[PDB]
Amino acid sequence: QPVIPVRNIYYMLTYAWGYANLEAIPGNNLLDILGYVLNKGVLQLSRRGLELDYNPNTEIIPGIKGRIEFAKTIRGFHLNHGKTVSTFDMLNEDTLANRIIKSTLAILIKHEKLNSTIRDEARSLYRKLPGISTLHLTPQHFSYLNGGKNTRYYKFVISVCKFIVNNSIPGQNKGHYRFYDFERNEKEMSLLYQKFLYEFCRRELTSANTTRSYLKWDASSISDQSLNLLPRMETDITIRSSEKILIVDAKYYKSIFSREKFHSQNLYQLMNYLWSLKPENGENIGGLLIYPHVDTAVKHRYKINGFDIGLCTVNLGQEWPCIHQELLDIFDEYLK
Amino acid sequence: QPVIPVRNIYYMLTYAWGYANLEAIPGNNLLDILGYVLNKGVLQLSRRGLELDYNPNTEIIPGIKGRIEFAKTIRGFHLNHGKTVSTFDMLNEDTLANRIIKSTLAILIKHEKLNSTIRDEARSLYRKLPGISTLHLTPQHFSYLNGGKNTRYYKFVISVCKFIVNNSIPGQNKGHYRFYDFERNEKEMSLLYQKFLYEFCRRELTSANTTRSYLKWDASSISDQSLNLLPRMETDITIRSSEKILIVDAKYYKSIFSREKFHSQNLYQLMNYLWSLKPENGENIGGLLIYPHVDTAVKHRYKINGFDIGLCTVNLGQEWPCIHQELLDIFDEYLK
Amino acid sequence: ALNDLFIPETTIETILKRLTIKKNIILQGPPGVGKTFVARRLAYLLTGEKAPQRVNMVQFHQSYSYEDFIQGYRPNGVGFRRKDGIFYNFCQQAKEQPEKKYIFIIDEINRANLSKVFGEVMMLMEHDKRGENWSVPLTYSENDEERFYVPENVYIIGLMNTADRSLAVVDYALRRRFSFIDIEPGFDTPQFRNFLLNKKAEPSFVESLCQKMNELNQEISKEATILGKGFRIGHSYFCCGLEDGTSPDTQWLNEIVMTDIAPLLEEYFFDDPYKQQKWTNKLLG
Ligand SMILES: Nc1nc2c(ncn2[C@@H]2O[C@H](COP(=O)(O)OP(=O)(O)O)[C@@H](O)[C@H]2O)c(=O)[nH]1
């Protein structure tokens, strides 16, 4: 049951969310890394200052604050017992975003398997936020925050918070929590990898233009113009440049990690994308299959059906910069 | 959780193995049907006569039977105590094939959920075979019988016996057995359907010639002539006729049973088979996707990439003869 | 008030001991188990007389306040006038007749905030701190000398609905004082069957009806964390609607299944309607 070293995994999330030294922490397992990110990450926000959103408050007070609501005032007859119904703007850190952080920290502490230092430091931080109210978190709360009025920095940790909550399982005890075995399932690993490249290519490949492209079948049907029964076909990524276009399909498989038979089932999808796609520029058409491997990286090229296609792998577990170097070396060959 | 009526399933196995009234039995569930087949099936063999294979016996007896083995005779000095070591041919029903039947019947009786009549009648039959020795069955035993010296009839029930043993699970009690939920998993259902058609087409479509065809990629690679990394591509079926060839890919899906999005992922495989395949005769090229549906049957045609392709379904649960009629109606349209 | 009560004798007898001591009980349970009915009849039992006058009933809601409950200043034609509440007035009758037992019925207590409502008085209504000794002047009292003291005679009944998913945590201030009691649906009980057999219901339909609902009620209790045990359906639907002498039969039942039970399942099972169809079928089929 061999898997990727965990420290490298965190980098892939960075590109996945589109936005530090990990050598310092001695805990190989993921939650030690991610918990340290949040626990240290919170400190950066607090130094500059946490988000303060004016929440209006309509309450019954012994005096005038802001705007009096005449209707509620007389109806409750609060004038006689020296009270008014007035609307005013308390400035708090009680926003939905900040509550998530504090509620999240409870889960992080409650996790049964964790570094002692990480749990200790956060509990002070949990104590350091008295005004904010704890919450019982659901994805719908994170869903509400897609507006992103908050800064770019806030969205980073919240994206992490989204990862932790979904990847948290109750363990031995009713109260405490246990971390998900993220590594073992390919599907979430796969969706990460596809998302990892798509946002990554925008960053580094400034030379080329990169977009996900929807394609429509060349078919015509007497029955239906819809062709609803036909499969929806949406590229993982297309990375177009003036001299050559290139479509890529990448996935994480466990069998391919083994150095025997080879899993290239996704290739069946790839060719069909090439065929229905017709280039107006007509510069060239190229294809790529890239998969994760652990030990070493091997690159091949093919001339299959009049198309120039490459199958390649990357030596995950090597080093993050050389891996970053490795992709730029890779794409340059085929992007030509 | 809707599934196919069970009585119809048995017919699909018939074509799967390549070789009766099922209305008589009142038990809808599968093992009631299949157990009744074996329990009645055994009776047909016994009437004609069970297989008797001469098994040589070398034993120490008080006299001469067949050929005396001089070496073992003197070495044990059996001459002096009036005994000889001789090789002779007892004629028994103790063959591996027949032992499987008797051992199988124990499992059938031991199954916890079963019709009373089925269990009662077999126990007599279990009693009716005294000489034969019980066995603890494994697939390796069935594997040894691939030689098939036995008649065509014997192989039928044994094929059933292969199905039952694999699809038997211990249930509530240590001793008793419980039947597998065959219907729910698509994979075994799928391999049945692919096998169901392949042997079925040989029977009915005498007009056309039907073979499974291996295909080789059009690619060339500088790295390797092997192209081991490339996927192995083997047709489910090809049904070639002088006027037109046709390749079919068929699978059993649960989502498609629902009348929404459509699962046509296998189609990606189908087109690629058409491309690498080049016809020497050059009469025509056609494609078919056929899936199982429950309620009703719908047929569509397409002109996709210069190829004439059909997507169709069959109303399983209707009736076995009309379904048999339905396929012949289906293939004739596209086989043209 | 005890001729045909579907609930077992144990709880209703246990309550009588519990109430005579603690004087602050919460009766939990699914809606449609006669939470008002059992307590209303029990209210007569503790008194021993089937008399309504001593008994008073109020339904709490989020905006129910100290003004309605106890004392408020609603206006007369010209100027503001202090107006007695329900509980405030309620005690004045009990003070005259200490030998007698006066009982206060509070439906859906969890919904409202007890503190804003009771305020000062929440200390007093606890069983120990009762009588003139614990008397306190009220908030709106102009003169300190006038006080409100809870007599020991008072017995307080609170009804809480378990069914709501929106409920997360019971109020702390509520929990410290009241003695919670769990009321089962009691779909399988002697007196409920004995009531049903007295009406023109054959044993098979009774055995059919009681057994099948038990399977459904068992399902909801089975998934403990997913849905509370108290979510399980009660029996009050089968009581009412038969006043005219109507014979209960499966033809009659299917209306109640569709009319009354179906929305109840619909809210409880909000994820998969096919799962609802699994359970609706067994009720009739
Ligand atoms: N005769 C009789 N009626 C009952 C019994 N349980 C409930 N009922 C009646 O069911 C109806 C509803 O009672 P209730 O629980 O207060 O309604 P809720 O507010 O929805 O909870 C009233 O007519 C009750 O008297 C019972 O055990 N016996």
# chains A, B, ... in the order shown; residues from 1 in each chain; ligands from 1
>>> interface_residues(of="chain C", to="chain A", cutoff="10 Å", atoms="only C-alpha atoms", output="number ranges by chain")
C: 73-75, 80, 140
>>> write_last_selection(atoms="N, CA and C atoms", output="PDB file, in the first residue's frame")
ATOM      1  N   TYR C  73     -48.264  46.823  31.087  1.00  0.00           N
ATOM      2  CA  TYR C  73     -48.936  48.118  31.145  1.00  0.00           C
ATOM      3  C   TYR C  73     -49.559  48.361  29.779  1.00  0.00           C
ATOM      4  N   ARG C  74     -50.723  47.793  29.581  1.00  0.00           N
ATOM      5  CA  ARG C  74     -51.533  48.081  28.417  1.00  0.00           C
ATOM      6  C   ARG C  74     -52.346  49.354  28.658  1.00  0.00           C
ATOM      7  N   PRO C  75     -52.646  50.114  27.609  1.00  0.00           N
ATOM      8  CA  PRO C  75     -53.340  51.387  27.805  1.00  0.00           C
ATOM      9  C   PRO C  75     -54.838  51.220  27.987  1.00  0.00           C
ATOM     10  N   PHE C  80     -51.901  54.694  30.798  1.00  0.00           N
ATOM     11  CA  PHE C  80     -51.461  53.320  30.973  1.00  0.00           C
ATOM     12  C   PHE C  80     -51.904  52.754  32.310  1.00  0.00           C
ATOM     13  N   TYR C 140     -42.540  45.682  38.242  1.00  0.00           N
ATOM     14  CA  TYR C 140     -43.359  46.861  38.023  1.00  0.00           C
ATOM     15  C   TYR C 140     -44.038  47.363  39.287  1.00  0.00           C
TER      16      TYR C 140
END
>>> residues_near_ligand(ligand="ligand 1", cutoff="10 Å", atoms="only C-alpha atoms and all ligand atoms", output="count of residues only")
41
>>> closest_atom_pairs(of="chain B", to="chain A", cutoff="10 Å", atoms="only C-alpha atoms", output="CSV")
residue,atom,partner,partner_atom,distance
B:217,CA,A:304,CA,7.3
B:218,CA,A:304,CA,5.7
B:219,CA,A:304,CA,3.8
B:220,CA,A:303,CA,5.9
B:221,CA,A:302,CA,5.3
B:222,CA,A:301,CA,7.6
B:223,CA,A:300,CA,6.9
B:224,CA,A:300,CA,9.3
B:227,CA,A:302,CA,9.8
B:228,CA,A:261,CA,7.2
B:229,CA,A:262,CA,5.1
B:230,CA,A:264,CA,6.4
B:231,CA,A:264,CA,5.5
B:232,CA,A:262,CA,8.9
B:233,CA,A:265,CA,9.9
B:256,CA,A:229,CA,9.9
B:260,CA,A:228,CA,8.4
B:261,CA,A:229,CA,7.0
B:262,CA,A:229,CA,5.1
B:263,CA,A:231,CA,6.8
B:264,CA,A:231,CA,5.5
B:265,CA,A:231,CA,6.7
B:266,CA,A:268,CA,9.0
B:267,CA,A:231,CA,8.2
B:268,CA,A:268,CA,5.3
B:269,CA,A:268,CA,5.4
B:270,CA,A:268,CA,8.6
B:271,CA,A:272,CA,7.6
B:272,CA,A:268,CA,6.7
B:273,CA,A:268,CA,9.5
B:275,CA,A:305,CA,8.1
B:276,CA,A:305,CA,8.0
B:299,CA,A:223,CA,9.5
B:300,CA,A:223,CA,6.9
B:301,CA,A:221,CA,6.8
B:302,CA,A:221,CA,5.3
B:303,CA,A:219,CA,5.5
B:304,CA,A:219,CA,3.8
B:305,CA,A:218,CA,6.3
B:306,CA,A:219,CA,8.6
B:307,CA,A:219,CA,9.3
B:308,CA,A:219,CA,9.8
B:309,CA,A:219,CA,9.9
B:311,CA,A:229,CA,8.9
>>> closest_atom_pairs(of="segment 148-170 of chain A", to="segment 90-96 of chain A", cutoff="12 Å", atoms="only C-alpha atoms", output="tab-separated table")
residue	atom	partner	partner_atom	distance
A:148	CA	A:96	CA	11.7
A:149	CA	A:95	CA	11.6
A:150	CA	A:95	CA	10.4
A:154	CA	A:96	CA	11.9
A:158	CA	A:96	CA	11.1
>>> write_last_selection(atoms="N, CA, C and O atoms", output="tab-separated table (two decimals), in the first residue's frame")
chain	number	residue	atom	x	y	z
A	148	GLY	N	-17.36	36.02	-1.46
A	148	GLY	CA	-15.97	36.41	-1.35
A	148	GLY	C	-15.74	37.89	-1.19
A	148	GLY	O	-14.78	38.43	-1.77
A	149	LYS	N	-16.58	38.58	-0.42
A	149	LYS	CA	-16.30	39.98	-0.10
A	149	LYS	C	-14.99	40.09	0.65
A	149	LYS	O	-14.27	41.08	0.51
A	150	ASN	N	-14.69	39.08	1.46
A	150	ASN	CA	-13.47	39.03	2.23
A	150	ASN	C	-12.25	39.07	1.32
A	150	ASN	O	-12.34	38.93	0.10
A	154	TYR	N	-8.25	35.53	3.38
A	154	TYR	CA	-9.28	34.82	4.13
A	154	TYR	C	-9.75	33.58	3.39
A	154	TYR	O	-9.97	32.53	3.99
A	158	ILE	N	-10.08	29.37	4.61
A	158	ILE	CA	-11.42	28.81	4.55
A	158	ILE	C	-11.45	27.64	3.58
A	158	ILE	O	-12.14	26.64	3.82
>>> closest_residue(among="B:125, B:245, B:16, B:289", to="residue 41 of chain B", atoms="only C-alpha atoms")
B:125
>>> select_by_dssp(residues="segment 90-258 of chain B", states="helix (DSSP H, G or I)", output="mmCIF file with N, CA and C atoms, in the first residue's frame")
data_model
loop_
_atom_site.group_PDB
_atom_site.id
_atom_site.type_symbol
_atom_site.label_atom_id
_atom_site.label_comp_id
_atom_site.auth_asym_id
_atom_site.auth_seq_id
_atom_site.Cartn_x
_atom_site.Cartn_y
_atom_site.Cartn_z
ATOM 1 N N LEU B 96 -15.108 -37.638 -10.800
ATOM 2 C CA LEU B 96 -15.072 -36.288 -10.262
ATOM 3 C C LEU B 96 -16.347 -35.539 -10.604
ATOM 4 N N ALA B 97 -16.858 -35.750 -11.815
ATOM 5 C CA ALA B 97 -18.049 -35.040 -12.254
ATOM 6 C C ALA B 97 -19.255 -35.391 -11.402
ATOM 7 N N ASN B 98 -19.422 -36.668 -11.086
ATOM 8 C CA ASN B 98 -20.623 -37.081 -10.380
ATOM 9 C C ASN B 98 -20.543 -36.726 -8.907
ATOM 10 N N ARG B 99 -19.341 -36.770 -8.338
ATOM 11 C CA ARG B 99 -19.162 -36.349 -6.957
ATOM 12 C C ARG B 99 -19.576 -34.901 -6.783
ATOM 13 N N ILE B 100 -19.331 -34.083 -7.803
ATOM 14 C CA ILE B 100 -19.668 -32.670 -7.724
ATOM 15 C C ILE B 100 -21.168 -32.497 -7.577
ATOM 16 N N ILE B 101 -21.934 -33.326 -8.274
ATOM 17 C CA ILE B 101 -23.384 -33.241 -8.198
ATOM 18 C C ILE B 101 -23.846 -33.515 -6.780
ATOM 19 N N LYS B 102 -23.335 -34.585 -6.182
ATOM 20 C CA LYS B 102 -23.789 -34.975 -4.858
ATOM 21 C C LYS B 102 -23.346 -33.960 -3.824
ATOM 22 N N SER B 103 -22.099 -33.515 -3.921
ATOM 23 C CA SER B 103 -21.608 -32.490 -3.018
ATOM 24 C C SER B 103 -22.381 -31.200 -3.213
ATOM 25 N N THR B 104 -22.742 -30.901 -4.459
ATOM 26 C CA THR B 104 -23.498 -29.691 -4.739
ATOM 27 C C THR B 104 -24.868 -29.738 -4.083
ATOM 28 N N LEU B 105 -25.501 -30.908 -4.094
ATOM 29 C CA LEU B 105 -26.835 -31.027 -3.527
ATOM 30 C C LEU B 105 -26.840 -30.735 -2.039
ATOM 31 N N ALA B 106 -25.756 -31.075 -1.343
ATOM 32 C CA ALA B 106 -25.658 -30.731 0.068
ATOM 33 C C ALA B 106 -25.739 -29.229 0.257
ATOM 34 N N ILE B 107 -25.026 -28.486 -0.582
ATOM 35 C CA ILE B 107 -25.051 -27.034 -0.505
ATOM 36 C C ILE B 107 -26.449 -26.523 -0.800
ATOM 37 N N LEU B 108 -27.104 -27.109 -1.801
ATOM 38 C CA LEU B 108 -28.451 -26.677 -2.146
ATOM 39 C C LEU B 108 -29.411 -26.894 -0.990
ATOM 40 N N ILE B 109 -29.325 -28.050 -0.334
ATOM 41 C CA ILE B 109 -30.157 -28.286 0.839
ATOM 42 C C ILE B 109 -29.756 -27.346 1.966
ATOM 43 N N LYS B 110 -28.453 -27.147 2.163
ATOM 44 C CA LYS B 110 -28.002 -26.320 3.271
ATOM 45 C C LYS B 110 -28.392 -24.858 3.118
ATOM 46 N N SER B 116 -39.670 -25.446 0.230
ATOM 47 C CA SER B 116 -39.697 -26.690 0.989
ATOM 48 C C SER B 116 -39.645 -27.908 0.076
ATOM 49 N N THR B 117 -40.393 -27.883 -1.030
ATOM 50 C CA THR B 117 -40.442 -29.035 -1.925
ATOM 51 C C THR B 117 -39.076 -29.329 -2.509
ATOM 52 N N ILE B 118 -38.349 -28.279 -2.866
ATOM 53 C CA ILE B 118 -37.054 -28.446 -3.501
ATOM 54 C C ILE B 118 -36.100 -29.146 -2.546
ATOM 55 N N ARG B 119 -36.066 -28.687 -1.295
ATOM 56 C CA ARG B 119 -35.171 -29.276 -0.308
ATOM 57 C C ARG B 119 -35.555 -30.712 0.018
ATOM 58 N N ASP B 120 -36.852 -31.004 0.064
ATOM 59 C CA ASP B 120 -37.304 -32.341 0.430
ATOM 60 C C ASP B 120 -36.940 -33.371 -0.630
ATOM 61 N N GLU B 121 -37.219 -33.063 -1.897
ATOM 62 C CA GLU B 121 -37.018 -34.039 -2.961
ATOM 63 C C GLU B 121 -35.548 -34.380 -3.135
ATOM 64 N N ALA B 122 -34.685 -33.380 -3.020
ATOM 65 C CA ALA B 122 -33.264 -33.595 -3.235
ATOM 66 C C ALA B 122 -32.662 -34.483 -2.160
ATOM 67 N N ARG B 123 -33.134 -34.347 -0.923
ATOM 68 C CA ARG B 123 -32.582 -35.150 0.163
ATOM 69 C C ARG B 123 -32.775 -36.633 -0.092
ATOM 70 N N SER B 124 -33.894 -37.013 -0.708
ATOM 71 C CA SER B 124 -34.035 -38.385 -1.173
ATOM 72 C C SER B 124 -32.967 -38.685 -2.208
ATOM 73 N N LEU B 125 -32.794 -37.770 -3.160
ATOM 74 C CA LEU B 125 -31.815 -37.969 -4.215
ATOM 75 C C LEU B 125 -30.421 -38.047 -3.622
ATOM 76 N N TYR B 126 -30.145 -37.198 -2.634
ATOM 77 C CA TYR B 126 -28.897 -37.280 -1.888
ATOM 78 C C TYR B 126 -28.732 -38.661 -1.277
ATOM 79 N N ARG B 127 -29.827 -39.224 -0.778
ATOM 80 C CA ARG B 127 -29.799 -40.568 -0.225
ATOM 81 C C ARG B 127 -29.651 -41.604 -1.331
ATOM 82 N N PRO B 139 -13.185 -24.157 -7.039
ATOM 83 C CA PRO B 139 -13.152 -23.974 -8.497
ATOM 84 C C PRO B 139 -12.136 -24.851 -9.198
ATOM 85 N N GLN B 140 -11.042 -25.203 -8.521
ATOM 86 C CA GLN B 140 -10.007 -26.017 -9.147
ATOM 87 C C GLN B 140 -10.551 -27.367 -9.586
ATOM 88 N N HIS B 141 -11.540 -27.891 -8.870
ATOM 89 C CA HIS B 141 -12.161 -29.140 -9.281
ATOM 90 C C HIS B 141 -12.880 -28.966 -10.613
ATOM 91 N N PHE B 142 -13.680 -27.902 -10.733
ATOM 92 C CA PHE B 142 -14.358 -27.617 -11.991
ATOM 93 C C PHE B 142 -13.353 -27.335 -13.086
ATOM 94 N N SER B 143 -12.243 -26.702 -12.721
ATOM 95 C CA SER B 143 -11.181 -26.423 -13.674
ATOM 96 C C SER B 143 -10.639 -27.700 -14.292
ATOM 97 N N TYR B 144 -10.529 -28.761 -13.496
ATOM 98 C CA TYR B 144 -9.968 -30.001 -14.012
ATOM 99 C C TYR B 144 -10.866 -30.617 -15.071
ATOM 100 N N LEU B 145 -12.163 -30.321 -15.030
ATOM 101 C CA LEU B 145 -13.130 -30.935 -15.923
ATOM 102 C C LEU B 145 -13.317 -30.168 -17.220
ATOM 103 N N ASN B 146 -12.448 -29.209 -17.524
ATOM 104 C CA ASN B 146 -12.553 -28.529 -18.806
ATOM 105 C C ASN B 146 -12.320 -29.463 -19.988
ATOM 106 N N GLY B 147 -11.724 -30.639 -19.769
ATOM 107 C CA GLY B 147 -11.550 -31.584 -20.858
ATOM 108 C C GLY B 147 -12.861 -31.993 -21.497
ATOM 109 N N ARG B 152 -22.509 -33.701 -23.680
ATOM 110 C CA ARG B 152 -22.944 -32.312 -23.686
ATOM 111 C C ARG B 152 -23.942 -32.036 -22.575
ATOM 112 N N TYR B 153 -24.732 -33.037 -22.196
ATOM 113 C CA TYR B 153 -25.750 -32.813 -21.181
ATOM 114 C C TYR B 153 -25.110 -32.604 -19.818
ATOM 115 N N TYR B 154 -24.092 -33.404 -19.499
ATOM 116 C CA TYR B 154 -23.423 -33.289 -18.207
ATOM 117 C C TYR B 154 -22.857 -31.896 -18.000
ATOM 118 N N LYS B 155 -22.285 -31.315 -19.049
ATOM 119 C CA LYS B 155 -21.662 -30.006 -18.918
ATOM 120 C C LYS B 155 -22.684 -28.929 -18.593
ATOM 121 N N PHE B 156 -23.950 -29.159 -18.928
ATOM 122 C CA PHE B 156 -24.972 -28.156 -18.668
ATOM 123 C C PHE B 156 -25.181 -27.968 -17.178
ATOM 124 N N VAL B 157 -25.439 -29.061 -16.470
ATOM 125 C CA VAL B 157 -25.726 -28.962 -15.049
ATOM 126 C C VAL B 157 -24.490 -28.542 -14.283
ATOM 127 N N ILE B 158 -23.323 -28.993 -14.727
ATOM 128 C CA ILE B 158 -22.092 -28.608 -14.061
ATOM 129 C C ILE B 158 -21.864 -27.116 -14.206
ATOM 130 N N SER B 159 -22.189 -26.569 -15.372
ATOM 131 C CA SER B 159 -22.097 -25.130 -15.546
ATOM 132 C C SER B 159 -23.003 -24.426 -14.557
ATOM 133 N N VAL B 160 -24.182 -24.992 -14.325
ATOM 134 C CA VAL B 160 -25.059 -24.472 -13.289
ATOM 135 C C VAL B 160 -24.392 -24.617 -11.928
ATOM 136 N N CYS B 161 -23.794 -25.783 -11.677
ATOM 137 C CA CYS B 161 -23.134 -26.027 -10.400
ATOM 138 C C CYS B 161 -22.013 -25.035 -10.161
ATOM 139 N N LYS B 162 -21.341 -24.628 -11.229
ATOM 140 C CA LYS B 162 -20.310 -23.612 -11.120
ATOM 141 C C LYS B 162 -20.917 -22.293 -10.678
ATOM 142 N N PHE B 163 -22.103 -21.986 -11.193
ATOM 143 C CA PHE B 163 -22.772 -20.736 -10.868
ATOM 144 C C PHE B 163 -23.196 -20.717 -9.411
ATOM 145 N N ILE B 164 -23.770 -21.823 -8.945
ATOM 146 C CA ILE B 164 -24.307 -21.883 -7.591
ATOM 147 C C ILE B 164 -23.197 -21.762 -6.560
ATOM 148 N N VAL B 165 -22.115 -22.515 -6.743
ATOM 149 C CA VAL B 165 -21.062 -22.545 -5.736
ATOM 150 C C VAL B 165 -20.455 -21.165 -5.567
ATOM 151 N N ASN B 166 -20.160 -20.503 -6.678
ATOM 152 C CA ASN B 166 -19.592 -19.170 -6.585
ATOM 153 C C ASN B 166 -20.601 -18.208 -5.984
ATOM 154 N N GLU B 186 -23.381 -4.948 -11.324
ATOM 155 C CA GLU B 186 -23.471 -4.826 -12.772
ATOM 156 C C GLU B 186 -22.403 -5.656 -13.460
ATOM 157 N N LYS B 187 -21.243 -5.790 -12.819
ATOM 158 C CA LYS B 187 -20.078 -6.359 -13.481
ATOM 159 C C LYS B 187 -20.338 -7.795 -13.900
ATOM 160 N N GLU B 188 -20.826 -8.611 -12.973
ATOM 161 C CA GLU B 188 -21.152 -9.985 -13.319
ATOM 162 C C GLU B 188 -22.346 -10.010 -14.250
ATOM 163 N N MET B 189 -23.284 -9.096 -14.028
ATOM 164 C CA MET B 189 -24.403 -8.944 -14.942
ATOM 165 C C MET B 189 -23.907 -8.519 -16.313
ATOM 166 N N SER B 190 -22.885 -7.667 -16.340
ATOM 167 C CA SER B 190 -22.355 -7.173 -17.599
ATOM 168 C C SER B 190 -21.622 -8.258 -18.357
ATOM 169 N N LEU B 191 -20.764 -8.998 -17.665
ATOM 170 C CA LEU B 191 -20.019 -10.058 -18.322
ATOM 171 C C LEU B 191 -20.957 -11.128 -18.846
ATOM 172 N N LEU B 192 -22.081 -11.325 -18.164
ATOM 173 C CA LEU B 192 -23.110 -12.221 -18.660
ATOM 174 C C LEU B 192 -23.685 -11.705 -19.965
ATOM 175 N N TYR B 193 -24.041 -10.425 -19.989
ATOM 176 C CA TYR B 193 -24.697 -9.848 -21.153
ATOM 177 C C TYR B 193 -23.780 -9.902 -22.365
ATOM 178 N N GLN B 194 -22.505 -9.556 -22.173
ATOM 179 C CA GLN B 194 -21.553 -9.631 -23.275
ATOM 180 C C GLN B 194 -21.397 -11.063 -23.749
ATOM 181 N N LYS B 195 -21.335 -11.998 -22.812
ATOM 182 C CA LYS B 195 -21.240 -13.401 -23.169
ATOM 183 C C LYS B 195 -22.561 -13.909 -23.707
ATOM 184 N N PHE B 196 -23.663 -13.352 -23.211
ATOM 185 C CA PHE B 196 -24.983 -13.780 -23.646
ATOM 186 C C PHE B 196 -25.155 -13.547 -25.134
ATOM 187 N N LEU B 197 -24.794 -12.356 -25.592
ATOM 188 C CA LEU B 197 -24.947 -12.021 -26.998
ATOM 189 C C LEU B 197 -23.989 -12.811 -27.873
ATOM 190 N N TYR B 198 -22.736 -12.948 -27.432
ATOM 191 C CA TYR B 198 -21.701 -13.533 -28.280
ATOM 192 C C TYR B 198 -22.057 -14.947 -28.700
ATOM 193 N N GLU B 199 -22.524 -15.761 -27.763
ATOM 194 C CA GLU B 199 -22.952 -17.108 -28.106
ATOM 195 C C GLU B 199 -24.335 -17.108 -28.739
ATOM 196 N N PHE B 200 -25.185 -16.160 -28.345
ATOM 197 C CA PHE B 200 -26.521 -16.066 -28.916
ATOM 198 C C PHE B 200 -26.452 -15.784 -30.407
ATOM 199 N N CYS B 201 -25.576 -14.864 -30.805
ATOM 200 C CA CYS B 201 -25.517 -14.454 -32.199
ATOM 201 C C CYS B 201 -25.119 -15.620 -33.093
ATOM 202 N N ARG B 202 -24.291 -16.530 -32.575
ATOM 203 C CA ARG B 202 -23.905 -17.703 -33.353
ATOM 204 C C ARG B 202 -25.125 -18.552 -33.667
ATOM 205 N N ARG B 203 -26.025 -18.694 -32.697
ATOM 206 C CA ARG B 203 -27.206 -19.524 -32.887
ATOM 207 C C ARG B 203 -28.128 -18.941 -33.943
ATOM 208 N N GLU B 204 -28.638 -17.739 -33.697
ATOM 209 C CA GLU B 204 -29.745 -17.239 -34.492
ATOM 210 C C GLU B 204 -29.275 -16.651 -35.811
#
>>> atom_distance(atom1="atom CA of residue 147 of chain C", atom2="atom CA of residue 18 of chain C")
28.9 Å
>>> residues_around(residues="residue 64 of chain B", least_positions_apart="6", cutoff="10 Å", atoms="only C-alpha atoms", output="number ranges by chain")
B: 83-88
>>> write_last_selection(atoms="N, CA, C and O atoms", output="short mmCIF file (atom, residue, chain, number, x, y, z; two decimals), in the first residue's frame")
data_model
loop_
_atom_site.label_atom_id
_atom_site.label_comp_id
_atom_site.auth_asym_id
_atom_site.auth_seq_id
_atom_site.Cartn_x
_atom_site.Cartn_y
_atom_site.Cartn_z
N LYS B 83 -2.34 -63.57 -0.61
CA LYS B 83 -2.79 -62.29 -1.11
C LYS B 83 -1.94 -61.90 -2.30
O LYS B 83 -0.79 -62.34 -2.43
N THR B 84 -2.51 -61.08 -3.18
CA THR B 84 -1.81 -60.62 -4.37
C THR B 84 -2.08 -59.15 -4.58
O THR B 84 -3.13 -58.63 -4.21
N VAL B 85 -1.12 -58.49 -5.22
CA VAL B 85 -1.25 -57.10 -5.63
C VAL B 85 -1.57 -57.11 -7.11
O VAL B 85 -0.71 -57.43 -7.94
N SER B 86 -2.81 -56.78 -7.45
CA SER B 86 -3.27 -56.85 -8.82
C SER B 86 -4.04 -55.60 -9.19
O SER B 86 -4.72 -55.00 -8.36
N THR B 87 -3.92 -55.24 -10.46
CA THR B 87 -4.54 -54.04 -11.00
C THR B 87 -5.77 -54.45 -11.78
O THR B 87 -5.70 -55.32 -12.66
N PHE B 88 -6.90 -53.82 -11.48
CA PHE B 88 -8.16 -54.16 -12.11
C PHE B 88 -9.05 -52.94 -12.13
O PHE B 88 -8.78 -51.94 -11.46
#
